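Some notes on the structure that comes next.
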Amino acid sequence: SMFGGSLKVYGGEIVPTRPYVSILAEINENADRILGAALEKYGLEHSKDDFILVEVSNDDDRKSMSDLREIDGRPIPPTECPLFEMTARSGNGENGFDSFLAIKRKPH
């Protein structure tokens with residue numbers, strides 16, 4: 001297995017035409033950098049406070065019929081580094097690397 005150094009980031013809720021994007025991120029960087037990287041890809045970094053990162057598990061479709069489509073996960077503010085917990089377990093869709101990190105709108 002490999003870390004890759006890149007993250008599969010899903011932001012379809014923000015930009016439907018680009019639901020999946022690839023960003024560069026190290027495990028030791030906080031969500032601010034990770035969010036900023038992805039958000040920068042959409043060219044919306046100025047509006048960062050309107051978005052946060054959320055960990056969505058692949059199997060959350062059981063929990064919520066919302067599926068991976070609308071995104072549902074744990075709120076991860078810019079000051080938190082989620083990769084530590086993700087890569088640690090590196091498995092099991094819940095709190096591991098089998099879960100992906102997506103972008104959600106902070107405000108509702």
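In the structure tokens, the first chain shown is A, the next is B, and so on; residue numbers restart at 1 for each chain, and ligands run from 1 in the order shown.
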Segment 104-108 of chain A environment, 9 Å, only C-alpha atoms, sequence neighbours closer than 3 positions dropped, as an MDAnalysis selection string | chainID A and resid 11 13:14 49:54 70:73 75 77
How would the residues just picked look written out with N, CA, C and O atoms as a PDB file, in the first residue's frame?
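Now in out_27.pdb:
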ATOM      1  N   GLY A  11     -16.126  17.259  -4.150  1.00  0.00           N
ATOM      2  CA  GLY A  11     -16.743  18.552  -3.914  1.00  0.00           C
ATOM      3  C   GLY A  11     -17.903  18.815  -4.853  1.00  0.00           C
ATOM      4  O   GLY A  11     -18.184  19.967  -5.200  1.00  0.00           O
ATOM      5  N   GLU A  13     -21.002  18.822  -4.424  1.00  0.00           N
ATOM      6  CA  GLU A  13     -22.033  19.677  -3.843  1.00  0.00           C
ATOM      7  C   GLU A  13     -21.739  21.152  -4.114  1.00  0.00           C
ATOM      8  O   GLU A  13     -22.651  21.985  -4.169  1.00  0.00           O
ATOM      9  N   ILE A  14     -20.468  21.466  -4.289  1.00  0.00           N
ATOM     10  CA  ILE A  14     -20.053  22.824  -4.573  1.00  0.00           C
ATOM     11  C   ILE A  14     -20.021  23.055  -6.078  1.00  0.00           C
ATOM     12  O   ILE A  14     -20.605  24.016  -6.587  1.00  0.00           O
ATOM     13  N   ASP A  49     -14.230  30.151   4.446  1.00  0.00           N
ATOM     14  CA  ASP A  49     -15.009  30.067   5.695  1.00  0.00           C
ATOM     15  C   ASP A  49     -16.388  29.445   5.464  1.00  0.00           C
ATOM     16  O   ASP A  49     -17.038  28.970   6.397  1.00  0.00           O
ATOM     17  N   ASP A  50     -16.823  29.435   4.224  1.00  0.00           N
ATOM     18  CA  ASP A  50     -18.122  28.882   3.872  1.00  0.00           C
ATOM     19  C   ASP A  50     -18.041  27.356   3.724  1.00  0.00           C
ATOM     20  O   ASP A  50     -19.060  26.680   3.613  1.00  0.00           O
ATOM     21  N   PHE A  51     -16.827  26.811   3.753  1.00  0.00           N
ATOM     22  CA  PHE A  51     -16.646  25.379   3.552  1.00  0.00           C
ATOM     23  C   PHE A  51     -15.726  24.770   4.608  1.00  0.00           C
ATOM     24  O   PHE A  51     -14.847  25.435   5.146  1.00  0.00           O
ATOM     25  N   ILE A  52     -15.958  23.507   4.905  1.00  0.00           N
ATOM     26  CA  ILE A  52     -15.123  22.734   5.822  1.00  0.00           C
ATOM     27  C   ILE A  52     -14.953  21.333   5.268  1.00  0.00           C
ATOM     28  O   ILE A  52     -15.618  20.965   4.294  1.00  0.00           O
ATOM     29  N   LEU A  53     -14.093  20.552   5.868  1.00  0.00           N
ATOM     30  CA  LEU A  53     -13.859  19.206   5.392  1.00  0.00           C
ATOM     31  C   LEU A  53     -14.617  18.216   6.232  1.00  0.00           C
ATOM     32  O   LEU A  53     -14.757  18.391   7.430  1.00  0.00           O
ATOM     33  N   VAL A  54     -15.144  17.209   5.595  1.00  0.00           N
ATOM     34  CA  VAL A  54     -15.894  16.185   6.281  1.00  0.00           C
ATOM     35  C   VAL A  54     -15.446  14.800   5.846  1.00  0.00           C
ATOM     36  O   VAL A  54     -15.219  14.550   4.658  1.00  0.00           O
ATOM     37  N   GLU A  70     -24.728  13.355  -1.443  1.00  0.00           N
ATOM     38  CA  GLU A  70     -24.894  14.655  -0.799  1.00  0.00           C
ATOM     39  C   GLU A  70     -23.794  14.902   0.228  1.00  0.00           C
ATOM     40  O   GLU A  70     -23.626  16.025   0.717  1.00  0.00           O
ATOM     41  N   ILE A  71     -23.038  13.849   0.538  1.00  0.00           N
ATOM     42  CA  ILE A  71     -21.960  13.911   1.528  1.00  0.00           C
ATOM     43  C   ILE A  71     -22.506  14.048   2.947  1.00  0.00           C
ATOM     44  O   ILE A  71     -23.279  14.965   3.257  1.00  0.00           O
ATOM     45  N   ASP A  72     -22.081  13.154   3.795  1.00  0.00           N
ATOM     46  CA  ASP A  72     -22.432  13.181   5.197  1.00  0.00           C
ATOM     47  C   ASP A  72     -21.267  12.624   5.986  1.00  0.00           C
ATOM     48  O   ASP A  72     -20.822  11.514   5.727  1.00  0.00           O
ATOM     49  N   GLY A  73     -20.748  13.399   6.914  1.00  0.00           N
ATOM     50  CA  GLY A  73     -19.602  12.953   7.668  1.00  0.00           C
ATOM     51  C   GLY A  73     -19.346  13.803   8.879  1.00  0.00           C
ATOM     52  O   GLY A  73     -20.149  14.678   9.207  1.00  0.00           O
ATOM     53  N   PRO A  75     -17.711  16.756  10.987  1.00  0.00           N
ATOM     54  CA  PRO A  75     -17.168  18.091  10.722  1.00  0.00           C
ATOM     55  C   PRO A  75     -15.700  18.194  11.114  1.00  0.00           C
ATOM     56  O   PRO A  75     -15.333  17.962  12.270  1.00  0.00           O
ATOM     57  N   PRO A  77     -12.914  20.963  11.004  1.00  0.00           N
ATOM     58  CA  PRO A  77     -12.459  22.342  10.815  1.00  0.00           C
ATOM     59  C   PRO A  77     -11.010  22.419  10.319  1.00  0.00           C
ATOM     60  O   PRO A  77     -10.231  21.479  10.494  1.00  0.00           O
TER      61      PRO A  77
END
Per-residue nearest contacts segment 64-86 of chain A to segment 92-101 of chain A, cut-off 9 Å, using only C-alpha atoms, as CSV:
residue,atom,partner,partner_atom,distance
A:73,CA,A:101,CA,8.7
A:82,CA,A:101,CA,8.4
A:83,CA,A:97,CA,8.1
A:85,CA,A:96,CA,6.3
A:86,CA,A:96,CA,4.0
Write to file, as a PDB file, in the first residue's frame, the residues of the selection just made, with N, CA and C atoms.
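So the final result, stored in out-v1.pdb, reads:
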ATOM      1  N   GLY A  73     -20.748  13.399   6.914  1.00  0.00           N
ATOM      2  CA  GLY A  73     -19.602  12.953   7.668  1.00  0.00           C
ATOM      3  C   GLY A  73     -19.346  13.803   8.879  1.00  0.00           C
ATOM      4  N   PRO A  82      -7.017  15.640   9.920  1.00  0.00           N
ATOM      5  CA  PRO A  82      -7.759  14.361   9.886  1.00  0.00           C
ATOM      6  C   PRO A  82      -6.942  13.153   9.398  1.00  0.00           C
ATOM      7  N   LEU A  83      -5.884  13.407   8.639  1.00  0.00           N
ATOM      8  CA  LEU A  83      -5.105  12.325   8.027  1.00  0.00           C
ATOM      9  C   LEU A  83      -4.459  11.418   9.056  1.00  0.00           C
ATOM     10  N   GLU A  85      -5.693  10.231  11.860  1.00  0.00           N
ATOM     11  CA  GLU A  85      -6.612   9.184  12.229  1.00  0.00           C
ATOM     12  C   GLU A  85      -6.958   8.303  11.033  1.00  0.00           C
ATOM     13  N   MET A  86      -7.064   8.923   9.862  1.00  0.00           N
ATOM     14  CA  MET A  86      -7.375   8.203   8.630  1.00  0.00           C
ATOM     15  C   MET A  86      -6.308   7.153   8.319  1.00  0.00           C
TER      16      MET A  86
END
Proximity to residue 44 of chain A - best of A:76, A:15, A:27, A:88, only C-alpha atoms =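 Of all the options, A:15 lies closest to residue 44 of chain A.
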Among the residues A:30, A:6, A:58, A:47, the one that comes closest to residue 80 of chain A [using only C-alpha atoms] |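 Of A:30, A:6, A:58, A:47, the one nearest residue 80 of chain A, counting only C-alpha atoms, is A:30.
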Residue list (strand (DSSP E or B), DSSP) for segment 12-106 of chain A, as number ranges by chain | A: 20-24, 51-57, 74-76, 99-105
Based on DSSP run over this structure's backbone, return all residues of segment 39-70 of chain A in helix (DSSP H, G or I), as a PyMOL selection string.
-> chain A and resi 39-41+45-50
Next, the residues of the selection above should be written as a compact mmCIF listing (two decimals), in the first residue's frame with N, CA, C and O atoms.
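Resulting contents of out.txt:
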# COMPACT_ATOMS: atom_id res chain seq x y z
N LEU A 39 -9.99 23.73 -2.51
CA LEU A 39 -10.76 24.93 -2.74
C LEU A 39 -10.05 25.81 -3.78
O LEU A 39 -10.70 26.47 -4.59
N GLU A 40 -8.72 25.80 -3.74
CA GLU A 40 -7.90 26.52 -4.70
C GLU A 40 -8.13 25.96 -6.10
O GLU A 40 -8.15 26.71 -7.08
N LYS A 41 -8.32 24.64 -6.19
CA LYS A 41 -8.57 23.99 -7.47
C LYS A 41 -9.86 24.52 -8.07
O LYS A 41 -9.98 24.67 -9.28
N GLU A 45 -10.92 29.85 -2.95
CA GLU A 45 -10.23 29.90 -1.65
C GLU A 45 -10.65 31.11 -0.80
O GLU A 45 -10.65 31.05 0.43
N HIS A 46 -11.02 32.19 -1.46
CA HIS A 46 -11.46 33.40 -0.77
C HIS A 46 -12.72 33.14 0.06
O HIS A 46 -12.96 33.80 1.06
N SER A 47 -13.50 32.16 -0.36
CA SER A 47 -14.74 31.82 0.30
C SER A 47 -14.56 30.58 1.20
O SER A 47 -15.50 29.83 1.44
N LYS A 48 -13.35 30.42 1.75
CA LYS A 48 -13.02 29.23 2.54
C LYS A 48 -13.88 29.06 3.79
O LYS A 48 -14.22 27.94 4.15
N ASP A 49 -14.23 30.15 4.45
CA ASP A 49 -15.01 30.07 5.69
C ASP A 49 -16.39 29.45 5.46
O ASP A 49 -17.04 28.97 6.40
N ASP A 50 -16.82 29.43 4.22
CA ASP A 50 -18.12 28.88 3.87
C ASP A 50 -18.04 27.36 3.72
O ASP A 50 -19.06 26.68 3.61
Atom CA of residue 2 of chain A to atom CA of residue 89 of chain A, straight-line distance in Å | 13.7 Å
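Closest approach to residue 34 of chain A among A:81, A:65, A:56, A:21 is made by A:81 (distances from only C-alpha atoms).
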From the set A:66, A:87, A:78, A:7, which residue has the shortest atom-to-atom contact distance to residue 36 of chain A, counting only C-alpha atoms?
->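 Distance minimum relative to residue 36 of chain A lands on A:78.
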Point out the residue among A:42, A:91, A:103, A:67 with the least atom-to-atom distance to residue 55 of chain A, counting only C-alpha atoms.
->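 Going through A:42, A:91, A:103, A:67 one by one, the smallest distance to residue 55 of chain A is for A:103.
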